[PDB]
Amino acid sequence: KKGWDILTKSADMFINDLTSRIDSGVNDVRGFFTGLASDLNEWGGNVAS
Amino acid sequence: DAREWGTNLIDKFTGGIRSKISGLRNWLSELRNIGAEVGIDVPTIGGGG
């Protein structure tokens, strides 16, 4: 039982990386919403001025 | 950049017009004060004549 955990040291860390791949989700929307805000602050702030 | 060009070059025109709108109504007054020489330096009607 000691001499095998090395074989899930692999399985479980792949699932950790898959959390990082799922971490595309929040970083996408966080990027999109603040990108939209930046464009709206641009066209708004520019057309206003 | 827009805040520059949309105002500085515009004041190439407005800086001129700021003088125009007054300057036109200045001449519409200038024809009067110097028109008035026809009375103000013609006391001959009441004195010298």
# chains A, B, ... in the order shown; residues from 1 in each chain; ligands from 1
$ closest_atom_pairs --of "chain A" --to "chain B" --cutoff "12 Å" --atoms "only C-alpha atoms" --output "CSV"
residue,atom,partner,partner_atom,distance
A:42,CA,B:2,CA,10.7
A:43,CA,B:2,CA,10.8
A:45,CA,B:3,CA,9.9
A:46,CA,B:2,CA,7.0
A:47,CA,B:2,CA,9.2
A:48,CA,B:3,CA,10.1
A:49,CA,B:3,CA,6.7
$ write_last_selection --atoms "C-alpha atoms" --output "PDB file, in the first residue's frame"
ATOM      1  CA  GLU A  42     -13.723  54.493 -24.198  1.00  0.00           C
ATOM      2  CA  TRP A  43     -16.621  55.203 -26.626  1.00  0.00           C
ATOM      3  CA  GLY A  45     -15.803  58.825 -22.328  1.00  0.00           C
ATOM      4  CA  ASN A  46     -14.703  59.889 -25.857  1.00  0.00           C
ATOM      5  CA  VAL A  47     -18.134  60.713 -27.388  1.00  0.00           C
ATOM      6  CA  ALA A  48     -19.054  62.481 -24.128  1.00  0.00           C
ATOM      7  CA  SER A  49     -15.848  64.561 -24.105  1.00  0.00           C
TER       8      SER A  49
END
$ select_by_dssp --residues "chain A" --states "alpha helix (DSSP H)" --output "ChimeraX atom specification"
/A:11-22,24-48
